[PDB]
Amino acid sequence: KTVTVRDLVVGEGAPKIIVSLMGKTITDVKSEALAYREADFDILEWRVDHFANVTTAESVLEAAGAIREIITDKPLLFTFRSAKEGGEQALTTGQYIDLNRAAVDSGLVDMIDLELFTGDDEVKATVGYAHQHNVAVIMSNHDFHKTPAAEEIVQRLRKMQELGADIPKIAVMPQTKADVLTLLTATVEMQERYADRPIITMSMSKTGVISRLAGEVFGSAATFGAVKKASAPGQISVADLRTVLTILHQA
């Protein structure tokens, strides 16, 4: 099974490239979007935790609108990354869900990211609200200190599917080289045992960069590129990423 957002088909062919916009102010968001317009990527993620007036609903709504007017032909992924999971700032559970609910309502986003450990009830209800409006859900988990056991990585991805994720997503930190292989093993076992939709997996940092290139073989449907600055350690430039993915796709 594949996932179609805007006109992009996730789940077939080469891995798709996601890039993240980080803007403090609306002026920053518009300027970064103008700089991104021509870059070669497939999905634009707006990292809303980097945005100053996240707690002000009209500011957020305006920002999304400015992005949508500059980048008109790419699916837009709305993502508030909690400090819990390596983000720039914390919000109460209630604020977090309401922010995502407001993003769904806006009619300006194609996807929203929901963290798996947010809470089962809330996540289930927010998934429901998103689908109610044809908004897809990337469900996510990040472990910035370590790489859990392969089996644990697999059960979290399986749990995302049960919660109704259109695309499960997991990012883990390697402490050793073997940790990178653990992440790839888990991706393969997930694909073999439970996957019925695209999934996205990655090992972070310089040591896991290989994981950001082999998804076509091991099973990850997308990968994060950098336009100038990485949104998580290990991202390489968008141009180099497309070059490598194409080469491997045709290998």
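Between two forms, the rigid core is defined as the largest C-alpha subset superposing within 1.5 Å. From 1 onward, residues are counted along the sequence shown.
S.K.: Determine, for 135-143 and 88-96, which one has C-alphas that on average lie farther from this form in 5 other deposited structures of this protein; superpose on the rigid core first.
M.R.: Farther on average in 5 other deposited structures of this protein: 88-96.
S.K.: Can you tell me which stretch has the higher mean Cα B-factor, 167-175 or 87-95?
M.R.: The entry gives the higher C-alpha B-factor average to 87-95.
S.K.: Quick one: higher average CA temperature factor, 219-227 or 62-70?
M.R.: Per the PDB entry, the higher value belongs to 62-70.
S.K.: Of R197, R193, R37, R47, which one's C-alpha B factor is largest in the deposited record?
M.R.: By C-alpha B-factor in the record, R37 ranks first.
S.K.: So where's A232 on the chain's Cα temperature factor ranking, which third?
M.R.: Answer is highest: the recorded C-alpha B-factor places it there.
S.K.: Just say lowest, middle or highest third for the CA B-factor of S205 relative to the other modelled residues in its chain.
M.R.: As the PDB entry reports it, the C-alpha B-factor of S205 lands in the middle third of its chain.
S.K.: Taking the entry's C-alpha B-factors for this chain, is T55 in the lowest, middle or highest third?
M.R.: Its C-alpha B-factor, which the entry lists for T55, ranks in the highest third among residues of this chain.
S.K.: Going by the recorded CA B-factors, say which third of the chain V5 sits in, lowest, middle or highest.
M.R.: According to the entry, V5 has a C-alpha B-factor in the chain's highest third.
S.K.: If you rank the chain by CA B-factor, which third does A214 end up in: lowest, middle or highest?
M.R.: Highest third - that is where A214 ends up once the chain's C-alpha B-factors are sorted.
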